[PDB]
Amino acid sequence: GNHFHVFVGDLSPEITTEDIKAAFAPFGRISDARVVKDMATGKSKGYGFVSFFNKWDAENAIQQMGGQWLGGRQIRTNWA
């Protein structure tokens, strides 16, 4: 049932859903992933979410991706 969700902040303007899933893919299997965009406009809000099936995969991803560079900018991670 309830999956395990990860908040990814400080994303580059043109980091896409595809990109963020490609970046978090090696940490375990991804149930879902998206970069949050404004509706009316369609611009990256500067953050996104990645969801895993395993609690361990999420907890690990938070620690290994925290402060890691994605695009030309350092991302931060936390529980969602």
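In the block above lies the structure referred to throughout.
Residues numbered from 1 in each chain as written, not as in the entry; some residues may be left out. Heavy atoms only, no water. Residues with missing side-chain atoms left out of burial classes, pairs and counts.

### Let's talk about the packing of aromatic side chains
Stage number 1. Per the counting criterion, the structure on display carries four aromatic pairs.
Stage number 2. Their ring planes at 65° and their centres at 6.1 Å tell us that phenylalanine 7 and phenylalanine 49 sit as a pair that is edge-to-face. In this pair, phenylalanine 7 sits in strand β1 (residues 4-9) while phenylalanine 49 sits in strand β3 (residues 44-52), placing the two residues 42 residues apart along the sequence.
Stage number 3. Owing to a relative accessible area of 16%, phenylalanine 7 belongs among the buried residues under this scheme.
Stage number 4. We classify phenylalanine 49 as partly exposed; its relative accessible area is 28%.
Stage number 5. Between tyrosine 47 and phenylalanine 49 the ring centres are 6.1 Å apart and the planes differ by 90°, which places this aromatic pair in the edge-to-face class.
Stage number 6. Given a relative accessible area of 29%, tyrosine 47 falls into the partly exposed group.
Stage number 7. Three or more aromatic residues joined by ring pairs make a cluster, and in this case those are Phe7, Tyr47 and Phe49.
Stage number 8. Sitting above the plane of the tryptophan 79 ring, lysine 55 keeps its charged end 4.9 Å from the centroid. (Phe/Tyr/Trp six-rings, centres within 6.5 Å; stacked < 30°, edge-to-face > 60°. Helix = DSSP H or I, 4+ residues; strand = E, 2+ residues; numbered from the N terminus. Buried < 20%, exposed > 50% of the residue type's maximum accessible area, 1.4 Å probe, protein only. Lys NZ or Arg CZ within 6 Å of the ring centre and 35° of its normal.)

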